[PDB]
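Quick note, the sequences are listed as chains A and A', same order. A prime marks a further copy of an entry chain. All residue numbers for the first sequence refer to the authors' numbering, where the first residue is 2 and numbers rise by one. All residue numbers for the second sequence refer to the authors' numbering, where the first residue is 2 and numbers rise by one. Heads up, the beta-carbon is just placed ideally off N, CA and C, and yes, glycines get one too. A short write-up of the structure that comes next.
Number of protein chains: 2
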Amino acid sequence: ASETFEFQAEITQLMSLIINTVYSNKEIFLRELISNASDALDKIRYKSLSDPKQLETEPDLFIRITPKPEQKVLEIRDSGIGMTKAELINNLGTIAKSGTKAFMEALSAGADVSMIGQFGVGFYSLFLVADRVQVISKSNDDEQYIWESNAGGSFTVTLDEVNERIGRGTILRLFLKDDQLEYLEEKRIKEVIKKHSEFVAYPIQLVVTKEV
Amino acid sequence: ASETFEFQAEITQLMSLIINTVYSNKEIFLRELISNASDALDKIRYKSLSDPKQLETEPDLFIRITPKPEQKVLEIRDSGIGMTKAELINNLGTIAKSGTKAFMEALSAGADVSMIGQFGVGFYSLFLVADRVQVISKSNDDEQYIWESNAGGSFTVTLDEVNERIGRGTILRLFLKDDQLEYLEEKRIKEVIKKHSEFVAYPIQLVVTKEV
Ligand SMILES: O=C1CCCC/C=C/CCOC(=O)c2c(O)cc(O)c(Cl)c2C1
Ligand SMILES: O=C1CCCC/C=C/CCOC(=O)c2c(O)cc(O)c(Cl)c2C1
Numbered sequence: 002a003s004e005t006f007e008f009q010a011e012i013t014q015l016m017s018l019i020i021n022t023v024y025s026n027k028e029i030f031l032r033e034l035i036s037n038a039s040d041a042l043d044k045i046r047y048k049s050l051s052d053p054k055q056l057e058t059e060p061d062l063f064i065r066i067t068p069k070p071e072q073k074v075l076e077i078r079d080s081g082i083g084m085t086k087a088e089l090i091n092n093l094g095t096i097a098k099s100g101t102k103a104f105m106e107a108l109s110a111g112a113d114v115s116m117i118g119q120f121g122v123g124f125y126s127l128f129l130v131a132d133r134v135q136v137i138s139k140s141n142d143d144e145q146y147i148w149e150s151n152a153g154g155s156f157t158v159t160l161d162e163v164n165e166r167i168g169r170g171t172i173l174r175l176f177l178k179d180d181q182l183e184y185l186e187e188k189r190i191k192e193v194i195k196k197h198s199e200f201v202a203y204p205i206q207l208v209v210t211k212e213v
Numbered sequence: 002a003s004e005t006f007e008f009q010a011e012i013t014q015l016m017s018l019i020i021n022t023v024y025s026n027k028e029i030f031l032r033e034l035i036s037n038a039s040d041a042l043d044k045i046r047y048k049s050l051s052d053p054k055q056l057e058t059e060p061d062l063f064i065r066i067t068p069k070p071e072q073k074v075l076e077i078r079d080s081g082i083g084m085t086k087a088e089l090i091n092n093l094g095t096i097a098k099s100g101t102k103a104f105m106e107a108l109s110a111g112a113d114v115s116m117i118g119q120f121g122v123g124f125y126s127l128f129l130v131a132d133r134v135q136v137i138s139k140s141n142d143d144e145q146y147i148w149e150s151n152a153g154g155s156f157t158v159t160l161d162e163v164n165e166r167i168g169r170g171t172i173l174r175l176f177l178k179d180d181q182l183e184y185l186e187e188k189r190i191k192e193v194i195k196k197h198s199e200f201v202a203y204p205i206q207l208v209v210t211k212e213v
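Set out below in structure tokens:
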């Protein structure tokens, strides 16, 4: 059974602006999600300094990108700190409020959409290329949970009995818009990664399917 | 909650012989599993001739091989007919009895282990390289289930609330022996596939992880 929650209204507004914008450089979403992945990895590593056992649920520290062409899905995974049910609700449904409000004001004055992660709300840039997202997350402190949004005013959180087990960390599962399926292609994915992420401390793994 | 079942004793015997054998050409397991995958795909396609809706749960017809190095796991997937809970029990725990008995007699006389799929029991050759297997299966007729064996006399079947959803078909998840980790490597995997499977009607997809 799902539970339904309301977004802070300013987040809803930002999602509306992003999902509908004709902004041309949609590729910036990948930089923002890799940056969030890298931050979540920094947290578990720093946390582990005083609690090394925290690492044991998933000792490999990575960012992993997995196109799933038949489902028109792109997944961005990290083995970072992960989020509890309460953290998914709070991180994704609430605390972005102040950053989103400041960002929308900047946008009104003519700020580039690419400034979004300087306002600390780069997560929502996924709506440039996707019309739906599932955030699947496993924290050492909770069960695995699925947070789901379609850019509307409400989101769901559901105990996860349907997805692969993450040892620890987070998968952003992006349901790509029909005109943004280039983000399923290995050459395109590599090209975007290479541009705006050379100083990532973690391996960035691309999962490719090849016919033998 | 798992349920526990007993193997037909001759299957238990065959698993013991295979898991312990010093037979040198262990690579033959992959041919046997690809052959079973191809057969299961033939069944859903033939079934669909009169019931085209059967295909809709997973329209792409494929065999897919996925090394998971950190877990020391190799997965072999097909989108074939799949198995219900009752079929997993019967196909894997029971009906192999007659083939296994005939095969063990052949082996006593000096038959090559590679003859195993001519006795219709090639599935058990996975124990050349693995000491544990989960068969994760989704039939159009049932929920997703996990059948699990460690070559002992009993197996478990558990309703699946932990793995990715298969639309339809079967994953063999092989937990590789510590000396058989070469089967995690892309070059090795491709080399074995190419030898003893050129007349497979279905794409054979290798899922490789590459650092960008
Ligand atoms: O708030 C988040 C990111 C904010 C920056 C740093 C905080 C990290 C710890 C929890 O965040 C996460 O697990 C996490 C992630 O792994 C990937 C993501 O794309 C997102 Cl959006 C999040 C949630
Ligand atoms: O008995 C099986 C194979 C016997 C040959 C043909 C019967 C196919 C229909 C059901 O089998 C399956 O789904 C199936 C599969 O997809 C892959 C496998 O490795 C195995 Cl072992 C099986 C189970």
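Are there any heavy atoms of ligand 1 lying less than 8 Å away from the beta-carbon of A/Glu-88, as far as the coordinates show? Yes, Cβ of A/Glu-88 sits closer than 8 Å to a heavy atom of ligand 1.
Sequence-distant residues of the same chain with beta carbon closer than 8 Å to A'/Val-163, five excluded per side: Within the same chain, A'/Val-163 has close Cβ partners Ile-147.
Closer than 9 Å, CB to CB, is A/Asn-141 near chain A' or not? Output row for A/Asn-141: interface = no.
Per-residue DSSP class, three states only, for A'/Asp-180: Coil.
Could you tell me which residues DSSP pairs with A/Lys-195 in its beta bridges? According to DSSP, which records beta bridges pairwise, A/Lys-195 is partnered with nothing at all.
Report the residue from A'/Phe-200, A'/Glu-165, A'/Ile-77 whose alpha carbon sits nearest the alpha carbon of A'/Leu-34. Looking at the Cα atoms, A'/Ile-77 is the closest of the given residues.
Please state whether DSSP places A'/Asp-40 in a helix, a strand or coil. DSSP places A'/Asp-40 in helix when its eight states are reduced to three.
Thinking C-beta only, is A'/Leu-177 closer than 9 Å to A'/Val-209? A'/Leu-177 sits away from A'/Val-209, with the two beta carbons spaced by 9 Å or more.
From the beta carbon of A/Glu-149, is the nearest beta carbon of chain A' less than 9 Å away? Judged by the 9 Å Cβ criterion, A/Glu-149 is not in contact with chain A'.
Is A/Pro-60 near A/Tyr-184, with beta carbons less than 9 Å apart? In this structure, A/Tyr-184 does not lie closer than 9 Å to A/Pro-60 by Cβ.
Leaving out five residues on either side along the sequence, give the residues of the same chain with a beta carbon under 8 Å from the beta carbon of A/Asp-179. Closer than 8 Å at Cβ, skipping near neighbours: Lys-73.
Which of helix, strand or coil does DSSP assign to A'/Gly-118? Looking at A'/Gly-118 - three-state DSSP - the assignment turns out to be helix.
Same chain, Cβ closer than 8 Å to A'/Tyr-125, five either side skipped, listed in chain order: Short of 8 Å from the beta carbon of A'/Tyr-125, and not among the five residues preceding or following it, lie these beta carbons of its own chain, in chain order: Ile-12, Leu-15, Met-16, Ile-19, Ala-97, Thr-101, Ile-117.
Just checking: is the beta-carbon of A'/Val-130 within a distance shorter than 9 Å of some beta-carbon in chain A? Taking Cβ atoms only, chain A never reaches closer than 9 Å to A'/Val-130, which makes this a no.
Rounded to a whole number of angstroms, what is the C-alpha to C-alpha distance between residue 1 of chain A and A'/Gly-154? Any property of residue 1 of chain A remains undetermined from this structure, which presents chain A solely from 2 to 213.
Residues bridged to A/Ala-131 [DSSP beta-bridge criterion]: DSSP lists A/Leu-177 as partners of A/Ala-131.
Cβ-Cβ separation, A'/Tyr-203 to A'/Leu-42 (assumed contact under 8 Å), whole Å: Contact between A'/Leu-42 and A'/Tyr-203 holds: their C-beta atoms lie close to 5 Å from each other, under 8 Å.
Which bits of chain A does A'/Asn-26 rub up against, with CB to CB less than 9 Å? For the C-beta of A'/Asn-26, not a single chain A residue is nearer than 9 Å; the gap to the nearest is close to 20 Å.
Does the CB of A/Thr-210 have a neighbour CB from chain A' at under 9 Å? By this cut-off, A/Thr-210 is an interface position.
Please list, in chain order, all residues of the same chain as A'/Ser-140 whose beta carbon is under 8 Å from its beta carbon, the five residues on each side excluded. Closer than 8 Å at Cβ, skipping near neighbours: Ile-82, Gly-83, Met-84, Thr-85, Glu-88, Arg-169.
Less than 6 Å between C-beta atoms, sequence neighbours within five positions excluded: which residues of the same chain meet that for A'/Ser-3? The beta carbon of A'/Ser-3 lies closer than 6 Å to those of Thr-157, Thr-159 in the same chain, with the five residues before and after it left out.
Shorter than 9 Å from the beta carbon of A'/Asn-164 to some beta carbon of chain A? Interface residue (Cβ-Cβ distance to chain A less than 9 Å): A'/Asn-164 is classified as such.
Just to check, is the beta-carbon of A'/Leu-34 closer than 8 Å to a non-hydrogen atom of ligand 2? Result yes, Cβ under 8 Å from ligand 2.
Which residues bound the alpha helix (DSSP H) around A'/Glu-106? Segment 98-110, the alpha helix (DSSP H) holding A'/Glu-106.
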